[PDB]
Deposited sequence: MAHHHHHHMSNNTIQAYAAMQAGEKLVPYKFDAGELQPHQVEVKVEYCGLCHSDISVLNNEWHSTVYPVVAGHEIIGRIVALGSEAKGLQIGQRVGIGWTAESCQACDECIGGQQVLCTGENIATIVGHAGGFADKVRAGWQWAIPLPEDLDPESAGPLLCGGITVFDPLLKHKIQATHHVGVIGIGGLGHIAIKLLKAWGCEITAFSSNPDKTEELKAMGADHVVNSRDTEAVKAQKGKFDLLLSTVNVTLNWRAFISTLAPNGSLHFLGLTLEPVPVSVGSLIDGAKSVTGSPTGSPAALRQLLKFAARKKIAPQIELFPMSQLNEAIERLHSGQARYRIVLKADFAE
């Protein structure tokens, strides 16, 4: 009665394979969700490949989950069976440390668990998480495209909150894959002036229609230099000239890293000192911000353009992600036998 059908990597770099496991008894602090959709992004690939030397094999990935509650632990508050919720990067936190009790559960300094790190995620017919991390969806939010908001969306949304970004500010976005695409739509709803840095000069018309006010060839060194002093906030999605880009920050501006790149970034202290600039990063959101983002997306239409695959075609979906051709986020539709 606790069997979960899933897709797992048995070792690093393998094709994902059909995998059944015994989830054990649902614990009082947990909820169980029947998966409807699950987004796919490069953080899944990184865990599948043990890039961060934290993967427990077999690993069931998937951390952009939309589904409905099918079971509640006795400690769950505010939820009901049948309710549509989202589950993102974080599955459990301790609820009692200073960070958790003060509403920063993503910064938990006690025991905490990420959805796909030593835990089974959303590439499955059911998934479990702590009740505070099952984020209620507005009834009017399209479930098919909402999954990516729990990862790509929140990693852009949280720096907007933290840096108190307003419509008057000018924000730059470095690299426009699926993550840069979500950033542009969110920033357009925010009212900001938007510059997109792209190495593909052919995409200039599509980026502008996406909401970008300006498009800069990130390969042109002189063109990046010509952006000196413009940005209150610079959002990097990349994975590879940081002096040149720090120069494009306005006074008091921030360079903010979204995804976990492992390559160290050499920072000249003088470049931070002279303009009172900062380098920062932020995790994948606490429950209050996740709730706020879903509410905002129901009002503004920030959801990404998605390509939908059946979950039974996960390996094909992973190949599509790797091709770079996805426009713009890949989502799996759960299609397990009932």
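Missing from the model relative to the deposited sequence are positions 1-10, 251-252 (no C-alpha coordinates, numbering from 1).
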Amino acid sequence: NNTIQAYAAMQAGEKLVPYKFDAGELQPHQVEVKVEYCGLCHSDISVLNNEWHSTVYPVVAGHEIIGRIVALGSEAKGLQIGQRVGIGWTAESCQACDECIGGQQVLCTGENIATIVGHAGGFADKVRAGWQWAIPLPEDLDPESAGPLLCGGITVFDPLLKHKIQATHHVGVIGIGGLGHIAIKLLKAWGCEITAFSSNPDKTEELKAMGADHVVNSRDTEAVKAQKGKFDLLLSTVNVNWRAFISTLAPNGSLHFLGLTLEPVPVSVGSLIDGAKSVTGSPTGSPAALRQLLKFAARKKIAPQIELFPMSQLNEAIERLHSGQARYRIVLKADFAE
From here on, numbers count along this sequence of modelled residues.
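In this crystal structure, the stretch out of 62-70 and 296-304 whose C-alpha atoms carry the higher mean B factor is 296-304.
Comparing 321-329 with 16-24, the higher mean C-alpha B-factor in the PDB entry belongs to 321-329. Take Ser145, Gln132, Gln105, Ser218 and read off each C-alpha B-factor from the entry; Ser218 has the highest. Of the candidates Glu139, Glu75, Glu111, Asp125, the PDB record gives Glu139 the highest C-alpha temperature factor. Split the chain's modelled residues into thirds by C-alpha temperature factor. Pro266 is in the highest one.
When all modelled residues of the chain are sorted by CA temperature factor, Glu222 is found within the highest third. Among the modelled residues of its chain, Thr90 has a C-alpha B-factor that falls in the lowest third, as given in the PDB entry.
Ranked within its chain, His119 lands in the lowest third, by CA B factor from the PDB record. The entry lists a Cα temperature factor for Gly211 that places it in the highest third of the chain's modelled residues.
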